[PDB]
Amino acid sequence: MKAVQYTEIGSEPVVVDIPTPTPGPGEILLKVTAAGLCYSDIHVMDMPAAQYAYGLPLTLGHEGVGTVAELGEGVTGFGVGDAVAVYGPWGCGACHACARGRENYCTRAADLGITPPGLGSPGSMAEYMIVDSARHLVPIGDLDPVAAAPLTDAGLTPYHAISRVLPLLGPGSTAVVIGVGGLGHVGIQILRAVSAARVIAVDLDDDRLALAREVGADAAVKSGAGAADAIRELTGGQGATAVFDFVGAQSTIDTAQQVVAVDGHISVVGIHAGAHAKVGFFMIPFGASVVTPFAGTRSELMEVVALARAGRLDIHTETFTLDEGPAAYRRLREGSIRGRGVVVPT
Amino acid sequence: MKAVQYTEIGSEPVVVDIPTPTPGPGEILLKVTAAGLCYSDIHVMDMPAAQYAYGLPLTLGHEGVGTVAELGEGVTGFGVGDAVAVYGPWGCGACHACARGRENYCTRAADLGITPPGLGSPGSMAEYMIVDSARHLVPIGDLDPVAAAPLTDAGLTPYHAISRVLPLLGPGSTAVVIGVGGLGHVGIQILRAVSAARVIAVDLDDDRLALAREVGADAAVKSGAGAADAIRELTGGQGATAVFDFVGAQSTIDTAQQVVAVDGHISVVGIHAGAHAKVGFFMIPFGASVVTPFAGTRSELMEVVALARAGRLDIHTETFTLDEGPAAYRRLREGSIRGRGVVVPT
Amino acid sequence: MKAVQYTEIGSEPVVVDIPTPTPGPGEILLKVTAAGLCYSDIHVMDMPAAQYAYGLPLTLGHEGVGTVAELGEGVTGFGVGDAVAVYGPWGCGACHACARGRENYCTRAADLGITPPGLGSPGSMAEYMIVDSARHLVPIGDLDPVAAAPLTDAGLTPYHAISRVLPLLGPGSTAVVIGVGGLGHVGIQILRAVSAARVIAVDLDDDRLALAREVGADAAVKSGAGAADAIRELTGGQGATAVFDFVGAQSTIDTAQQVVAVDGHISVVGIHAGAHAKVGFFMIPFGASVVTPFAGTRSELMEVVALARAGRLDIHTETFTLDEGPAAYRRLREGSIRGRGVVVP
Amino acid sequence: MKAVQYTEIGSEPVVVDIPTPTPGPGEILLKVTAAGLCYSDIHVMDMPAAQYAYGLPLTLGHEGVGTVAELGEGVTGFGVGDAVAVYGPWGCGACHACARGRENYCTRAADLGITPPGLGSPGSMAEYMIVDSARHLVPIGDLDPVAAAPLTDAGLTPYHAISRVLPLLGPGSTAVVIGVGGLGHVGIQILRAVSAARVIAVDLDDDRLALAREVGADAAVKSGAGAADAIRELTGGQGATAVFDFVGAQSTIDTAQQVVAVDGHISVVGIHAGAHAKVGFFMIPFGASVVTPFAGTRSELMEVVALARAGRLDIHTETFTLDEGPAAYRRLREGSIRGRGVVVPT
Ligand SMILES: NC(=O)c1ccc[n+]([C@@H]2O[C@H](COP(=O)([O-])OP(=O)(O)OC[C@H]3O[C@@H](n4cnc5c(N)ncnc54)[C@H](O)[C@@H]3O)[C@@H](O)[C@H]2O)c1
Ligand SMILES: NC(=O)c1ccc[n+]([C@@H]2O[C@H](COP(=O)([O-])OP(=O)(O)OC[C@H]3O[C@@H](n4cnc5c(N)ncnc54)[C@H](O)[C@@H]3O)[C@@H](O)[C@H]2O)c1
Ligand SMILES: NC(=O)c1ccc[n+]([C@@H]2O[C@H](COP(=O)([O-])OP(=O)(O)OC[C@H]3O[C@@H](n4cnc5c(N)ncnc54)[C@H](O)[C@@H]3O)[C@@H](O)[C@H]2O)c1
Ligand SMILES: NC(=O)c1ccc[n+]([C@@H]2O[C@H](COP(=O)([O-])OP(=O)(O)OC[C@H]3O[C@@H](n4cnc5c(N)ncnc54)[C@H](O)[C@@H]3O)[C@@H](O)[C@H]2O)c1
Ligand SMILES: [K+]
Ligand SMILES: [K+]
Ligand SMILES: [Zn+2]
Ligand SMILES: [Zn+2]
Ligand SMILES: [Zn+2]
Ligand SMILES: [Zn+2]
Ligand SMILES: [Zn+2]
Ligand SMILES: [Zn+2]
Ligand SMILES: [Zn+2]
Ligand SMILES: [Zn+2]
């Protein structure tokens, strides 16, 4: 089969031909219908050799949707042809966190050699992919695969981040979304669907601010030195109940600390190495909590899919072939994909 | 009446004679039965002239218990002689936070000129004190006033901090308490009363570690460079579900970050100017939230009092006269009060 | 001033002339801009003499909005002219429930002689009204008073009921609303604003089903013997995550028990004497909780007002003068007010 | 092997000899170390032929602990010899409830033919037993199996019931426990470990009231016509925050409704056919919720085991051999087991 792989440190990923895998016991083989590109893949490919630990070659793609092609020995609960989304952050399944479906916060996975697809195990940017266990598949019915693939991370991650503090976001609350890309543009729509928060979007790029308004942001503010004052102006001096920072640069985290309300929340979701919130007296308001959330839970993925099926998430995508995979990653690096890049194998 | 006041910047507080106040409409005059000394009073007295904003002179004492002496015009809900604790963090009473009793997180108080007793308004270290409103008194019944006075901050503040994350502290959880002084020694006992968490206490002083074990800590370990490794040894490498840092120095916050579990919590309660947690990817575990909580809520103070009345809180105190007030503050500076210093007026 | 009062047991309320009150210390006098009619007023007026305990005469109206006219001695936090809504379920202000703003669940109010406006103390169906304390006023800014008055109960009560189980109502959930009247039509809109629940409305009247669809219900079905099967058909046999019964008759509670999901909720909000859910093994699904909620909290009223100010609540009203007050109550009895009746002085 | 089976409708269970089973793929064979008797087994054996639906013969025992004897094909996560408790309420593992570990509330199990051990599938009252999947085992380490077996239902069920409303049970709260038998005597101890509630126990039998005090009840009241007034006397007229009714007869549910506080809770846990709470205006206080909970969740079972391992649960048992199984069930019927009956195979 055709796949897109990261094959040597510092180089662009390449289109390859590798064997179509066969499922062992408990496993499922999917025919991939859509594979999302996430900016996390760029963080991974930019790691120096000393930091990089996922093995070479590596089939990319941690956002995967497909149809069941072959059942491994013992597998029931899915039929051949079933449309499924892949739950990404694989855990041990047995610990206290995993028993609640919170496999994103499993502490045993590393020691057991469990790695996620596209980030240690073979990903979804290929004609076919293996899934380790039935509990890591979620049915999607007749959902369009292209709009469905991003739900598995661009949807799941903001959904989880928002869910951690959803009781704060009552009528009268304000939520700030910093970064209107793959994650951010879905985050705005989740906020609108599950809360009565007023949503203020923040981005460097005017066209992303337009995207923000298109998907339901109440206001849009230019990022940078003026953002904090502009946000406070909109919130009448009380600040924002919650800030969801999908950039996570030091400048955006600083903006978040300068606008968050007393007894509010900052969720540092975007990854920028070295950047951090400074949580201490006189540097942040009383009662304003800060966290770096990771991925999401099994039941949260089901909820994201339910939002999509109810028509609550308009996922903005651009489609690419497998051959266009390396080019699509260049587009993501330069910031020219309006929403989520998705590879459709054929 | 006799009172202890901070009268000039940089100097020790002094015993003074000032008029016994009379309550205006809505106010209550208390005969003070006990007034706690909090290390926050030392932070206040160590502020340079440029930072200090509470006015001079200032009657100290933000931990107050008394008996109702005189009702101001229009006051109902209390009779002369009723034993009451003073709710410290006065708010506007009208905003969304105050409507839930969360006057500790009121955003309107500053602009309305509302200041707390002992920290802008006259405190409890005097024979008598004014309380602005009936809603800032809580009945204590026959509770010993000396052990009751610390409940209003040494009790309330750890109670609130713990309450923010109480659902995390189920059976199998571990809570670390850093700093076994006024706040910390009460915090250990709250954890034992309201959760099934295993409690690990941390302090510089071996006698405070003994205090920790006396009030129910399951383990007590020496603070400093070795503390993080010793705590991890006790938690089997998973780390601590929650860390309540009642010191809040950079070294203790660093210890907290090095031991906190995935999806855990650090509560930075102690105040050490410039110290802060660094909340960013690779600097803290995924899902570990951090906050600087402040004081507590009206209903939380009632719950603290209920714990005391049920025999769940053994409050360690040393008693001082009003004349010994300045000496008691020197004792607090040097770290020689085993628990909470309390002034009893006579 | 002119007021509408219940004056003798069994009779219709009457328009009267009574003195304009003056505020004592701590009190506020409002010029009333809008006063809602609630079907609870009909329950009260239909009480026999033995049951009725609110005193005669009684100025009706537990849904009140006004402008501050006079401050009593010592009152701060409001200026003359401020537009305010009245928080209805007055409590002692001092107990553990009241300290959290949950004065709707205060246990001390009765013994202290605290009664709510329109239900023991003088209500809002008058040119002016007294409010006991500043904490029982909530600012409404430039909100239209006519659409604002129902927020104080038609809004507050469903808001509280929904709020008790809001964490159940995630994406993929279903909420059933039984009774699309004053309360129900606002409840549909609250569900849409604060949850991703799919909303199924139930009513006897086809025009109320149309109202339900107008304010955002995803489906609207006829009440009665066929309702339970029709709801199950819509939910694919799993049933409804939550049922908010704003009728509360035995037949509607039975429908609720026949459709509620495992680990779901029934909120019995409407009042029908003797009617009750039967909560026991084999009579209801495992984990399905049932409650009769009452009114709402201080912070909940603020949230309802915030929803109204954000344009999330389209409150359907019909306006009446004080003189038309008795006629408006006849209209409410016969079921001919499409939404909430409101009296404007 | 030797087993205790229900073999014909209306008759006592009998000791039998049946083949030692072999595990299919995904299954685990346990050597049973302890098997609890639950009063639910008596409800089942008292069902008329028309109602009874679990098949004949049926190996009894839905409270099971053992050691792993043989792994079925593909099973990982356990070694031969590991001491484990059996999670009883088996679900499909795939639905939204099961994804959160809430297999007790799975809606798909019936249609998929999934039945629990001792209640449709073969139970633990035998030398060996099959478990369907690894996710239905929980490690117990060196816990005494005899005291561990009741944790799987006598522990789990009260734990879940209490957990549903744990945020109500703050300092100052009161919890009533009706019925101090297998479940009730563990329920008292859970309340003491995870809350600061004052605990009032209610039973018909004075010796069970003594048991209640032995395991930490603050007060003990005789059940019957006087119970409601005696409970109100103890709660000062406000009533009980929560009532956990482990009898569930109409008389005990009536007592519960007559004592529950405004904004409180009644949990109807015990099963008595036809008995029900009457939830309507003027028949129950405002805001007092009522529910019939069922069993518990995967993570809750882990928490119960963690309580046992921390020394928080003193489980009162009487031990029986397999041959004494039928006699033990007669003892349970007549109410002469002081706590939980447990069968130890040899
Ligand atoms: N925590 C997790 O579990 C998790 C999961 C997935 C992705 N991520 C991270 O989320 C981040 C975003 O990923 P994506 O796929 O949405 O990226 P993207 O490239 O699709 O979107 C980036 C967006 O951020 C905007 N942006 C960049 N700098 C900005 C600034 N200073 N101020 C305001 N806006 C700015 C861009 O204009 C663009 O709109 C990445 O760092 C990614 O690694 C985290
Ligand atoms: N956040 C709030 O609302 C709030 C409220 C009250 C007090 N506080 C703050 O809490 C802190 C504690 O106040 P207190 O009155 O309990 O003080 P205290 O002097 O009574 O107790 C201090 C304790 O901390 C220990 N300690 C000091 N340095 C340490 C270190 N590096 N490692 C371990 N232990 C150490 C001491 O040995 C002593 O036992 C103060 O900074 C105070 O201002 C905060
Ligand atoms: N719990 C509380 O705190 C509280 C507060 C306020 C009002 N209430 C009660 O809520 C109930 C509704 O109040 P309202 O002011 O909205 O009444 P309303 O007269 O405005 O509306 C009643 C609606 O119910 C519908 N209806 C009547 N019987 C029905 C049935 N069997 N099935 C389906 N629909 C039916 C009508 O067609 C109408 O649309 C009343 O019983 C009132 O006393 C309770
Ligand atoms: N909801 C569930 O998931 C679930 C799970 C397990 C058991 N159960 C049920 O819980 C109940 C208790 O089970 P168990 O095994 O502890 O029973 P058990 O026979 O060990 O204990 C019964 C206890 O209740 C007491 N009692 C009986 N009638 C009483 C009354 N009127 N007032 C006060 N006390 C009374 C007895 O004196 C005894 O102490 C049974 O009905 C059982 O079927 C329910
Ligand atoms: K919404
Ligand atoms: K405890
Ligand atoms: Zn990603
Ligand atoms: Zn795990
Ligand atoms: Zn202090
Ligand atoms: Zn305030
Ligand atoms: Zn009403
Ligand atoms: Zn009250
Ligand atoms: Zn059982
Ligand atoms: Zn299931």
# chains A, B, ... in the order shown; residues from 1 in each chain; ligands from 1
>>> select_by_dssp(residues="segment 178-243 of chain A", states="strand (DSSP E or B)", output="count of residues only")
15
>>> interface_residues(of="chain B", to="chain C", cutoff="7 Å", atoms="only C-alpha atoms", output="ChimeraX atom specification")
/B:25,74,94,96,99-101,135,298-299
>>> closest_residue(among="D:241, D:281, D:78, D:269", to="ligand 3", atoms="only C-alpha atoms and all ligand atoms")
D:281
>>> interface_residues(of="chain D", to="chain B", cutoff="7 Å", atoms="only C-alpha atoms", output="number ranges by chain")
D: 171-172, 193-196, 303, 306-307
>>> residues_around(residues="residue 137 of chain B", least_positions_apart="2", cutoff="6 Å", atoms="only C-alpha atoms", output="PyMOL selection string")
chain B and resi 84-87+134-135
>>> residues_near_ligand(ligand="ligand 8", cutoff="12 Å", atoms="only C-alpha atoms and all ligand atoms", output="PyMOL selection string")
(chain A and resi 89-114+297) or (chain B and resi 262) or (chain D and resi 77+135+299)
>>> write_last_selection(atoms="C-alpha atoms", output="PDB file, in the first residue's frame")
ATOM      1  CA  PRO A  89      -4.489   8.536  22.935  1.00  0.00           C
ATOM      2  CA  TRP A  90      -4.200   4.807  23.628  1.00  0.00           C
ATOM      3  CA  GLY A  91      -3.837   3.779  27.276  1.00  0.00           C
ATOM      4  CA  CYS A  92      -3.451   0.546  29.204  1.00  0.00           C
ATOM      5  CA  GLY A  93      -7.236   0.171  29.643  1.00  0.00           C
ATOM      6  CA  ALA A  94      -6.885  -1.185  33.210  1.00  0.00           C
ATOM      7  CA  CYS A  95      -5.765   1.630  35.589  1.00  0.00           C
ATOM      8  CA  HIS A  96      -8.085   3.973  37.514  1.00  0.00           C
ATOM      9  CA  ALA A  97      -7.915   6.686  34.810  1.00  0.00           C
ATOM     10  CA  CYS A  98      -8.475   4.179  31.974  1.00  0.00           C
ATOM     11  CA  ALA A  99     -11.436   2.598  33.828  1.00  0.00           C
ATOM     12  CA  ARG A 100     -13.148   6.019  33.522  1.00  0.00           C
ATOM     13  CA  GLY A 101     -12.231   6.190  29.807  1.00  0.00           C
ATOM     14  CA  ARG A 102      -9.544   8.781  30.588  1.00  0.00           C
ATOM     15  CA  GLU A 103      -6.850   6.997  28.608  1.00  0.00           C
ATOM     16  CA  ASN A 104      -5.358  10.398  27.768  1.00  0.00           C
ATOM     17  CA  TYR A 105      -4.196  10.488  31.412  1.00  0.00           C
ATOM     18  CA  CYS A 106      -3.015   6.854  31.673  1.00  0.00           C
ATOM     19  CA  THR A 107       0.290   6.548  33.636  1.00  0.00           C
ATOM     20  CA  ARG A 108       1.001   2.907  32.672  1.00  0.00           C
ATOM     21  CA  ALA A 109       1.065   3.211  28.833  1.00  0.00           C
ATOM     22  CA  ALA A 110       4.775   4.183  28.526  1.00  0.00           C
ATOM     23  CA  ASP A 111       6.039   1.248  30.625  1.00  0.00           C
ATOM     24  CA  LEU A 112       3.799  -1.194  28.733  1.00  0.00           C
ATOM     25  CA  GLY A 113       5.122   0.073  25.347  1.00  0.00           C
ATOM     26  CA  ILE A 114       1.719   1.439  24.281  1.00  0.00           C
ATOM     27  CA  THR A 297     -11.472  10.870  26.949  1.00  0.00           C
TER      28      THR A 297
ATOM     29  CA  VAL B 262      -0.853  13.546  35.976  1.00  0.00           C
TER      30      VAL B 262
ATOM     31  CA  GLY D  77      -2.396  -7.621  32.021  1.00  0.00           C
ATOM     32  CA  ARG D 135     -11.422  -5.403  32.423  1.00  0.00           C
ATOM     33  CA  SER D 299     -13.430   2.934  39.220  1.00  0.00           C
TER      34      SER D 299
END
>>> select_by_dssp(residues="segment 98-298 of chain D", states="helix (DSSP H, G or I)", output="PyMOL selection string")
chain D and resi 98-99+103-105+134-136+145-152+156-163+166-168+182-194+206-214+227-234+250-259+298
>>> write_last_selection(atoms="C-alpha atoms", output="short mmCIF file (atom, residue, chain, number, x, y, z; two decimals), in the first residue's frame")
data_model
loop_
_atom_site.label_atom_id
_atom_site.label_comp_id
_atom_site.auth_asym_id
_atom_site.auth_seq_id
_atom_site.Cartn_x
_atom_site.Cartn_y
_atom_site.Cartn_z
CA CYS D 98 -19.40 1.66 29.60
CA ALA D 99 -16.73 4.02 28.20
CA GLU D 103 -21.15 -0.80 33.15
CA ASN D 104 -23.79 -0.97 35.89
CA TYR D 105 -25.84 1.39 33.69
CA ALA D 134 -9.66 -8.75 31.84
CA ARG D 135 -11.42 -5.40 32.42
CA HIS D 136 -13.73 -7.22 34.88
CA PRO D 145 -9.92 -12.86 50.46
CA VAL D 146 -12.65 -13.51 53.05
CA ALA D 147 -12.98 -9.78 53.89
CA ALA D 148 -12.40 -8.86 50.21
CA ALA D 149 -15.25 -10.83 48.60
CA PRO D 150 -18.02 -8.61 50.07
CA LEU D 151 -16.31 -5.50 48.65
CA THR D 152 -17.58 -6.53 45.21
CA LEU D 156 -19.57 -1.47 45.80
CA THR D 157 -23.31 -0.85 45.98
CA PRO D 158 -23.34 1.45 49.06
CA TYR D 159 -20.17 3.12 47.72
CA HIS D 160 -21.91 4.03 44.46
CA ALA D 161 -25.09 5.15 46.22
CA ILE D 162 -23.12 7.45 48.52
CA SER D 163 -20.91 8.67 45.65
CA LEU D 166 -21.17 12.93 48.14
CA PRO D 167 -21.01 16.72 47.58
CA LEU D 168 -24.11 17.07 49.82
CA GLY D 182 -24.18 -6.95 54.70
CA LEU D 183 -24.53 -3.68 52.78
CA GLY D 184 -25.48 -1.36 55.63
CA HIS D 185 -22.55 -2.17 57.93
CA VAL D 186 -20.15 -1.36 55.08
CA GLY D 187 -22.14 1.79 54.16
CA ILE D 188 -21.66 3.26 57.64
CA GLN D 189 -17.90 2.83 57.28
CA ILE D 190 -17.80 4.35 53.78
CA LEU D 191 -19.65 7.44 55.06
CA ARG D 192 -17.09 7.80 57.84
CA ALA D 193 -14.12 7.39 55.44
CA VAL D 194 -15.20 9.72 52.58
CA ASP D 206 -30.78 -4.26 68.86
CA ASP D 207 -27.75 -6.43 68.11
CA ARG D 208 -27.50 -4.80 64.63
CA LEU D 209 -27.68 -1.39 66.29
CA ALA D 210 -24.71 -2.56 68.40
CA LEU D 211 -22.91 -3.64 65.19
CA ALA D 212 -23.64 -0.17 63.81
CA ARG D 213 -21.95 1.52 66.77
CA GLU D 214 -19.01 -0.96 66.51
CA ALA D 227 -37.91 6.08 64.07
CA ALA D 228 -38.80 9.22 62.15
CA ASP D 229 -39.46 11.29 65.28
CA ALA D 230 -36.31 9.94 66.99
CA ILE D 231 -34.17 10.86 63.92
CA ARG D 232 -35.71 14.38 63.79
CA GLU D 233 -34.95 14.78 67.49
CA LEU D 234 -31.29 13.97 66.73
CA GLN D 250 -42.59 0.65 52.28
CA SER D 251 -42.25 1.36 56.01
CA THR D 252 -38.52 2.31 55.70
CA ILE D 253 -39.10 4.43 52.59
CA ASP D 254 -41.91 6.22 54.49
CA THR D 255 -39.50 6.84 57.40
CA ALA D 256 -36.98 8.19 54.83
CA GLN D 257 -39.54 10.63 53.37
CA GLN D 258 -40.55 11.80 56.85
CA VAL D 259 -36.96 12.63 57.86
CA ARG D 298 -15.31 0.03 37.63
#
>>> residues_around(residues="residue 126 of chain B", least_positions_apart="5", cutoff="12 Å", atoms="only C-alpha atoms", output="PyMOL selection string")
chain B and resi 1-5+14-21+29-36+58-66+117-118+321-323+325+343-346
>>> residues_near_ligand(ligand="ligand 11", cutoff="9 Å", atoms="only C-alpha atoms and all ligand atoms", output="ChimeraX atom specification")
/C:36-41,61-63,152-154,157,295
>>> residues_near_ligand(ligand="ligand 9", cutoff="8 Å", atoms="only C-alpha atoms and all ligand atoms", output="list in words")
residues 37, 38, 39, 40, 41, 62, 63, 153, 154 and 295 of chain B
>>> write_last_selection(atoms="N, CA and C atoms", output="compact mmCIF listing (two decimals), in the first residue's frame")
# COMPACT_ATOMS: atom_id res chain seq x y z
N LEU B 37 -3.26 35.78 65.28
CA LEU B 37 -2.15 36.39 64.55
C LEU B 37 -1.88 35.54 63.32
N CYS B 38 -1.87 36.16 62.14
CA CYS B 38 -1.58 35.44 60.89
C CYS B 38 -0.29 35.99 60.28
N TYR B 39 0.49 35.11 59.66
CA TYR B 39 1.76 35.54 59.07
C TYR B 39 1.54 36.58 57.96
N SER B 40 0.34 36.63 57.39
CA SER B 40 -0.02 37.70 56.47
C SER B 40 0.14 39.10 57.08
N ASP B 41 -0.08 39.23 58.39
CA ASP B 41 0.14 40.50 59.10
C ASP B 41 1.61 40.97 59.01
N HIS B 62 -7.05 39.94 61.54
CA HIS B 62 -8.11 39.52 60.58
C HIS B 62 -8.76 38.19 60.93
N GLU B 63 -8.32 37.59 62.04
CA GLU B 63 -8.97 36.42 62.65
C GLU B 63 -9.65 36.88 63.94
N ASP B 153 -9.41 32.04 59.43
CA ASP B 153 -8.45 32.13 58.32
C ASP B 153 -7.52 30.92 58.22
N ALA B 154 -6.84 30.58 59.32
CA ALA B 154 -6.07 29.35 59.37
C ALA B 154 -6.91 28.11 59.05
N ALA B 295 -8.56 33.02 50.62
CA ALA B 295 -9.49 32.99 51.72
C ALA B 295 -10.53 31.89 51.51
>>> atom_distance(atom1="atom CA of residue 338 of chain B", atom2="atom CA of residue 125 of chain B")
19.9 Å
>>> residues_near_ligand(ligand="ligand 3", cutoff="6 Å", atoms="only C-alpha atoms and all ligand atoms", output="PyMOL selection string")
chain C and resi 38-40+153+157+178-184+202-205+208+223+246-247+252+269-271+293-295+335+339
>>> write_last_selection(atoms="N, CA and C atoms", output="compact mmCIF listing (two decimals), in the first residue's frame")
# COMPACT_ATOMS: atom_id res chain seq x y z
N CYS C 38 -48.86 34.15 37.13
CA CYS C 38 -48.45 32.74 37.13
C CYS C 38 -49.60 31.84 37.51
N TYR C 39 -49.66 30.65 36.91
CA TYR C 39 -50.75 29.72 37.21
C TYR C 39 -50.75 29.30 38.68
N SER C 40 -49.62 29.43 39.36
CA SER C 40 -49.58 29.28 40.82
C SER C 40 -50.56 30.20 41.56
N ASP C 153 -39.88 34.14 37.51
CA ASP C 153 -40.41 32.82 37.88
C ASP C 153 -40.57 31.87 36.69
N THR C 157 -37.64 29.37 37.49
CA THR C 157 -37.99 28.02 37.92
C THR C 157 -37.50 26.92 36.96
N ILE C 178 -42.52 18.79 29.06
CA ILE C 178 -43.97 18.56 29.07
C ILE C 178 -44.66 19.81 29.55
N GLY C 179 -45.49 20.39 28.68
CA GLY C 179 -46.20 21.63 29.00
C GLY C 179 -45.47 22.82 28.43
N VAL C 180 -45.96 23.37 27.32
CA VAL C 180 -45.36 24.52 26.65
C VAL C 180 -46.17 25.81 26.90
N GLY C 181 -46.25 26.21 28.16
CA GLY C 181 -46.91 27.44 28.60
C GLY C 181 -45.93 28.47 29.05
N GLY C 182 -46.28 29.23 30.08
CA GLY C 182 -45.40 30.25 30.64
C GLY C 182 -44.01 29.70 30.94
N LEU C 183 -43.96 28.64 31.74
CA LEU C 183 -42.69 28.03 32.12
C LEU C 183 -42.06 27.26 30.98
N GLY C 184 -42.83 26.36 30.39
CA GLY C 184 -42.32 25.44 29.39
C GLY C 184 -41.67 26.09 28.17
N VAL C 202 -43.84 18.51 24.50
CA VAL C 202 -45.10 17.77 24.62
C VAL C 202 -46.17 18.72 25.11
N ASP C 203 -47.33 18.76 24.44
CA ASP C 203 -48.46 19.57 24.92
C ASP C 203 -49.77 19.01 24.37
N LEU C 204 -50.87 19.35 25.03
CA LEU C 204 -52.22 18.95 24.59
C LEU C 204 -52.67 19.73 23.37
N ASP C 205 -52.21 20.97 23.27
CA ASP C 205 -52.70 21.96 22.31
C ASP C 205 -51.74 22.10 21.13
N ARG C 208 -49.67 25.22 20.89
CA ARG C 208 -48.51 25.25 21.81
C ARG C 208 -47.36 24.43 21.26
N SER C 223 -49.55 15.36 23.66
CA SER C 223 -49.63 14.71 24.97
C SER C 223 -50.77 13.69 24.97
N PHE C 246 -43.56 20.27 33.36
CA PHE C 246 -44.14 21.52 33.82
C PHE C 246 -45.67 21.47 33.98
N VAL C 247 -46.25 20.27 33.84
CA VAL C 247 -47.67 20.04 34.12
C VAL C 247 -47.80 19.38 35.50
N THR C 252 -48.96 12.93 33.18
CA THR C 252 -47.68 13.42 32.63
C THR C 252 -46.48 12.84 33.36
N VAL C 269 -42.04 19.67 38.04
CA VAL C 269 -42.07 21.10 38.30
C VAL C 269 -43.49 21.63 38.44
N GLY C 270 -44.38 21.23 37.54
CA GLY C 270 -45.78 21.60 37.64
C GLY C 270 -46.46 20.98 38.87
N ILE C 271 -47.47 21.66 39.40
CA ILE C 271 -48.11 21.30 40.66
C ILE C 271 -49.55 20.82 40.42
N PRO C 293 -38.34 20.38 42.21
CA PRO C 293 -37.59 21.57 42.53
C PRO C 293 -38.52 22.75 42.85
N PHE C 294 -37.97 23.76 43.49
CA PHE C 294 -38.71 24.95 43.91
C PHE C 294 -37.96 26.22 43.57
N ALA C 295 -38.59 27.06 42.76
CA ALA C 295 -38.12 28.39 42.43
C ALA C 295 -36.66 28.33 41.94
N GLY C 335 -56.91 28.93 29.75
CA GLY C 335 -55.78 28.49 28.92
C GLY C 335 -55.63 29.22 27.60
N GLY C 339 -48.39 31.99 26.15
CA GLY C 339 -47.16 32.35 26.85
C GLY C 339 -47.52 32.90 28.21
>>> residues_around(residues="residue 26 of chain D", least_positions_apart="5", cutoff="6 Å", atoms="only C-alpha atoms", output="number ranges by chain")
D: 72-75, 133
>>> residues_around(residues="residue 261 of chain D", least_positions_apart="5", cutoff="7 Å", atoms="only C-alpha atoms", output="MDAnalysis selection string")
chainID D and resid 238:241 285 288
>>> write_last_selection(atoms="N, CA and C atoms", output="CSV table (one decimal), in the first residue's frame")
chain,number,residue,atom,x,y,z
D,238,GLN,N,-34.4,19.8,61.5
D,238,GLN,CA,-34.1,20.1,60.1
D,238,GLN,C,-34.2,18.8,59.2
D,239,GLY,N,-34.0,17.6,59.8
D,239,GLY,CA,-34.0,16.4,59.1
D,239,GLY,C,-32.6,16.0,58.6
D,240,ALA,N,-32.6,14.9,58.0
D,240,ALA,CA,-31.3,14.3,57.5
D,240,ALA,C,-31.0,14.7,56.1
D,241,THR,N,-29.8,15.1,55.9
D,241,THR,CA,-29.3,15.5,54.5
D,241,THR,C,-29.5,14.4,53.5
D,285,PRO,N,-40.1,16.8,50.8
D,285,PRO,CA,-39.6,18.2,50.8
D,285,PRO,C,-39.1,18.7,49.4
D,288,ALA,N,-35.6,17.6,47.5
D,288,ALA,CA,-35.2,16.3,48.0
D,288,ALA,C,-35.3,15.2,46.8
>>> residues_around(residues="residue 169 of chain C", least_positions_apart="5", cutoff="12 Å", atoms="only C-alpha atoms", output="number ranges by chain")
A: 193-195, 303; C: 162-164, 174-176, 190-199, 240-243, 263-265
>>> closest_residue(among="A:220, A:201, A:271, A:175", to="ligand 7", atoms="only C-alpha atoms and all ligand atoms")
A:271
